[PDB]
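Engineer: Curious how this folds, go ahead:
(5 chains)
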Amino acid sequence: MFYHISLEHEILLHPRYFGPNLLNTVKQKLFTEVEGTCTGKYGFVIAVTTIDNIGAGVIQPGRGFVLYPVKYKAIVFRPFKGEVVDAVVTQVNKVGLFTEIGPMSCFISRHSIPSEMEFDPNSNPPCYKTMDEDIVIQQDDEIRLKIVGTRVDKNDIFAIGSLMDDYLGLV
Amino acid sequence: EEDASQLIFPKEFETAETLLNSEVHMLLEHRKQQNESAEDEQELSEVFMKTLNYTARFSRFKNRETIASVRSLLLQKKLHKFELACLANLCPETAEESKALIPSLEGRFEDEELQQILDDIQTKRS
Amino acid sequence: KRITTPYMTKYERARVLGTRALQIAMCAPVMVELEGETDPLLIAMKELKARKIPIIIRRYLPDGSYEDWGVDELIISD
Amino acid sequence: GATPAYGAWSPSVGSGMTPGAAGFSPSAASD
Amino acid sequence: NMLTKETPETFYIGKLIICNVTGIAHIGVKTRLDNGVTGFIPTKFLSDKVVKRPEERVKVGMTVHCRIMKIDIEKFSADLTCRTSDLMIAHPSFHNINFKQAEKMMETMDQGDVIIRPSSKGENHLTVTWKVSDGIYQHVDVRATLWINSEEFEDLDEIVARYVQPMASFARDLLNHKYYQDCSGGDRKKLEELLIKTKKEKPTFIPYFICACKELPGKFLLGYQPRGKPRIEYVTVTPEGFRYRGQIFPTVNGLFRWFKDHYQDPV
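Structural biologist: Numbering: from 1, shown residues only, chains lettered A, B, ... in the order given. Sure, structure below:
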């Protein structure tokens, strides 16, 4: 779930970047460093909206590299356990369902799915229906789910869904 | 221990600012509009494109004034910040569905008091 | 409300000259016209004579406070 | 480079004293 | 196809096919191709029949790129063309140059002809040079620190029309001044003697002159003789107007009108 918080970071700037475009160069380096990455503390970062201020560059002793502890106002996406969101189904397989929560892909197994939703391997598009064939769930459909677990695979978040609670399907 | 169902989060995340699907959608759209201009600039990555096409399929309302109105009519209540995002994004039909999906609403408020809010949210949708 | 001396001590002058020379050695822009010289240290010395070093000194006080003094603002000793 | 900034120079004005009388030519119209 | 693994179907006419010329039988250069095809370049590919074999058109020992106009992989032929052609007032000019050599093509154009050329100090920089006077040229080194944005890099038809054209017109306005002179580029040693030599002919009337320096383009010299002591006062020509005594005038005549009512003070 997306949020807007204030973060901090420092980047070393090589002395070749000194000049009238110092602040512009610092901003450009900041943009291509903290966009799209992920951390286990704050979660996955989408992008940066604006920068608060530029700190005082403390030149290191014996080294021309100077660090700028910049504080930027960026957004972050850190889903937690128990949250309910609305995602889209990407692929339907007998092992389980595949979805895509923005910068995440979760996964629901057949055990989580109730017994009413059977398999349709005979039909060309992998789909799940009921006995009466009234409700149909397939790919490219806005299907909800519940985040019952979380995981970070070395700055690569991958949660797990569930389909036990009622009112989880077509709106 | 981290479970949003029981309204618990780390200290850093407790002081965060909630965002709605339409809000993040328009923020990313404006960022794309700014970045596409000013040639000789590093183009967007696949993360930006996937987030855009993910948030564009759940934009209940395009007008920014709709976002302002729906946040203003909701902040007047005594619900926490976490209850401002999920309830305004999912837009459930009846109060029973909202209470079932979010266990925090069970016993926190009356039935008609939440049904009227859900009806207002549904009407605010474009 | 700065109370430290308005003169540049020899230690600060030496350190600023060394740091500026190190920066020029690492391909940094100069702030003064070169008359046909190449050694970074002499470049820094000419720069200090011309009062154009983009460095400001932070003199820490015993209490904990500090004062930011700019090379082009205080008087140079040598 | 051998082509420095030329418009960035600060034009220094010279000072002096000349206690003279008012006997010069008049002004003109801007039209 | 079974052995070489490269049939003529893959190679089409017009597409550039590299023909590595390794040897010559009689006149041409018959070598091997990239796909193991015997590329025989005839005398037509090099334009040499009863003369020395084609070495400049076809690289001997190495691979020479040429237009492929023949599919003869199975027949041990390679119709690769050795020739490069076979493979296939206010006049703003352009230049896709150094500084010393560029001066050789500036004295021919008249005043107002602006030329844009790259810079010679860093990267992603440009220098705009506009005709000022006879021998005087202002080299505006745009990073004359003219601050601009990056979107202007795509279209350069407005920077000279927003900062050079009015400035060039204002500078040219002073060229046609009644009391104008050059004095060999306006040297400081030659412009001082004239002031003392012209006062003797008319001690009462104190005339004035205007000239532009050569070592520092863009700084005119407006001198006068309040008494038997010379004095010099520079003036800058901004894009919007002039900069005299710190004030900026909208029109050229404004500076002249304001100057004739302030020089009477004792200073």
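Engineer: Now chain D against chain B: closest residue?
Structural biologist: residue D:1 (23.3 Å; CB to the nearest CB). C-beta here means a position set from N, CA and C on the backbone, and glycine is covered the same way.
Engineer: Now name the helix or strand holding that residue.
Structural biologist: Assigned by DSSP states H and E, residue D:1 belongs to neither a helix nor a strand.
Engineer: Tell me which helix or strand the closest residue to residue B:71 other than its chain neighbours sits in.
Structural biologist: Distances taken as CB to CB, 6 or more residues apart in numbering or on different chains put residue B:84 closest to residue B:71, at 7.0 Å, once the chain neighbours are dropped. Counting by DSSP H and E, the element that carries residue B:84 is helix B:82-90.
Engineer: tell me the phi and psi of the closest residue to residue A:151 other than its chain neighbours?
Structural biologist: Nearest non-adjacent residue to residue A:151, counting by CB to CB, 6+ apart: residue A:158, 5.1 Å away. Per-residue torsions, residue A:158: phi -150, psi 100 (degrees, to the nearest 10).
Engineer: Could you pull up the residues touching residue A:158?
Structural biologist: A:104-106, A:151-152 (CB atoms under 8 Å, 6 or more residues apart in numbering or on different chains).
Engineer: SS state for residue B:97?
Structural biologist: Per DSSP: H, G, I helix; E, B strand; the rest coil, the local secondary structure of residue B:97 is helix.
Engineer: Which residue ranges of the chain form helices?
Structural biologist: Just going to use chain A. A:22-31 (DSSP state H).
Engineer: think we crossed wires, I meant chain B
Structural biologist: With DSSP H as the criterion, chain B has helices at B:11-14, B:21-36, B:46-55, B:64-75, B:82-90, B:95-101, B:111-124.
Engineer: Including mean neighbour count, could those helices go into CSV?
Structural biologist: As requested, the helices of chain B are exported to CSV (neighbours: other CB atoms under 10 Å in any protein chain shown):
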stretch, mean neighbour count
helix B:11-14, 12
helix B:21-36, 17
helix B:46-55, 16
helix B:64-75, 14
helix B:82-90, 20
helix B:95-101, 18
helix B:111-124, 14
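Engineer: what's the burial count for the residue of chain A found nearest chain C?
Structural biologist: The nearest approach of chain A to chain C comes at residue A:15, 4.0 Å away (CB to the nearest CB). Neighbour count of residue A:15, defined by other CB atoms under 10 Å in any protein chain shown: 18.
Engineer: what does the one 5 residues further on give?
Structural biologist: Look at residue A:20: counted by other CB under 10 Å, it has 11 neighbours.
Engineer: List the contacts of it.
Structural biologist: Residues counted as contacts of residue A:20 (CB under 8 Å, 6+ apart) are E:143, E:145.
Engineer: now do residue A:151
Structural biologist: A:157-160 are the contacts of residue A:151 under CB under 8 Å, 6+ apart.
Engineer: Among those, the buried ones, what's the PyMOL command?
Structural biologist: Buried residues within the contacts of residue A:151, by 16 or more other CB atoms under 10 Å in any protein chain shown, are selected in PyMOL with:
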select buried, chain A and resi 157+159+160
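Engineer: how about the residues of chain A near chain C?
Structural biologist: Within chain A, the positions adjacent to chain C are A:14-16, A:18-19, A:59, A:62-64 by CB under 8 Å from any CB of the partner chain.
Engineer: of these, closest to residue A:91?
Structural biologist: Minimum distance to residue A:91 across these is 45.3 Å, recorded for residue A:14 (CB to CB).
Engineer: For that closest one, which non-adjacent residue is spatially closest?
Structural biologist: Closest to residue A:14 by CB to CB, 6+ apart is residue A:65, at 6.4 Å.
Engineer: What's the local residue count around the closest residue to chain E within chain C?
Structural biologist: Of all residues in chain C, the one sitting closest to chain E is residue C:29 (8.2 Å; CB to the nearest CB). Residue C:29 is flanked by 15 other residues according to other CB under 10 Å.
Engineer: Quick check: it touching residue A:17?
Structural biologist: No - using CB atoms under 8 Å, residue C:29 is not in contact with residue A:17, being 9.6 Å away.
Engineer: how about stretch C:51-69: buried residues?
Structural biologist: C:53-54, C:57, C:69.
Engineer: Tabulate the CA atom coordinates of it in PDB.
Structural biologist: This file holds the C-alpha atoms of stretch C:51-69, laid out as PDB (Å, rounded to 0.1, in the frame of the first residue of the first chain):
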ATOM      1  CA  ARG C  51      40.500  34.400  -3.100                       C
ATOM      2  CA  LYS C  52      38.300  32.100  -5.200                       C
ATOM      3  CA  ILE C  53      38.300  28.700  -3.400                       C
ATOM      4  CA  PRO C  54      34.900  27.100  -3.200                       C
ATOM      5  CA  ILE C  55      35.500  25.900   0.300                       C
ATOM      6  CA  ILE C  56      34.100  27.200   3.700                       C
ATOM      7  CA  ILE C  57      35.700  26.300   7.000                       C
ATOM      8  CA  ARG C  58      33.600  25.100   9.900                       C
ATOM      9  CA  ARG C  59      35.400  26.000  13.100                       C
ATOM     10  CA  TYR C  60      34.000  24.000  16.000                       C
ATOM     11  CA  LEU C  61      33.800  25.600  19.400                       C
ATOM     12  CA  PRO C  62      34.500  23.700  22.700                       C
ATOM     13  CA  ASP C  63      30.800  24.000  23.700                       C
ATOM     14  CA  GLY C  64      29.600  22.300  20.500                       C
ATOM     15  CA  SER C  65      28.500  25.200  18.300                       C
ATOM     16  CA  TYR C  66      30.300  26.000  15.100                       C
ATOM     17  CA  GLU C  67      30.900  28.900  12.700                       C
ATOM     18  CA  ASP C  68      31.000  28.700   8.900                       C
ATOM     19  CA  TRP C  69      33.800  30.900   7.600                       C
END
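Engineer: What number of residues are in the vicinity of residue D:1?
Structural biologist: Number of residues near residue D:1 (other CB under 10 Å) recorded here: 13.
Engineer: residues contacting it?
Structural biologist: The contact partners of residue D:1, by CB under 8 Å, 6+ apart, come to E:120-121, E:141.
Engineer: Return the distance of it relative to residue C:33.
Structural biologist: Relative to residue C:33, residue D:1 is positioned 9 Å away (CB to CB, to the nearest Å).
Engineer: Repeat that for residue B:46.
Structural biologist: Applying CB to CB to residue B:46 and residue C:33 gives a distance of 48 Å.
Engineer: just residue B:115 next, same as before
Structural biologist: For residue B:115, the distance to residue C:33 equals 78 Å [CB to CB].
Engineer: Ramachandran coordinates for residue E:104?
Structural biologist: phi -70, psi -10.
Engineer: go on, residue A:148?
Structural biologist: According to degrees, to the nearest 10, residue A:148 has phi -100, psi -10.
Engineer: which residues does it contact?
Structural biologist: Residues in contact with residue A:148 (CB under 8 Å, 6+ apart) are A:81-82, A:160-162.
Engineer: Counting neighbours, which of those comes out on top?
Structural biologist: Ranked by neighbour count (other CB under 10 Å), the contacts of residue A:148 have residue A:161 at the top, with 25 neighbours.
Engineer: Run through the strands of the chain in chain order.
Structural biologist: Just so you know, I chose chain A. In chain A, the strands defined using DSSP state E lie at A:2-13, A:38-39, A:43-53, A:58-59, A:66-77, A:84-92, A:96-100, A:107-109, A:128-129, A:136-137, A:142-146.
Engineer: nope, chain E please
Structural biologist: Per DSSP E, chain E carries strands over the ranges E:16-20, E:29-33, E:38-41, E:63-68, E:80-81, E:114-118, E:126-131, E:137-142, E:209-212, E:219-227, E:229-231, E:234-237, E:242-243.
Engineer: Out of the ones you listed, indicate the one that is most buried.
Structural biologist: Of all these, strand E:80-81 has the most neighbours on average by mean count of other CB atoms under 10 Å in any protein chain shown, namely a mean of 27.
Engineer: what about that one, distance to the chain center?
Structural biologist: Put simply, strand E:80-81 sits 37 Å off its chain's centre (CA atoms, centre = their mean, to the nearest Å).
Engineer: Of the buried residues of stretch C:51-69, which pair is most distant in space?
Structural biologist: Going by CB to CB, the pair spanning the buried residues of stretch C:51-69 furthest: C:54 and C:69, at 13.7 Å.
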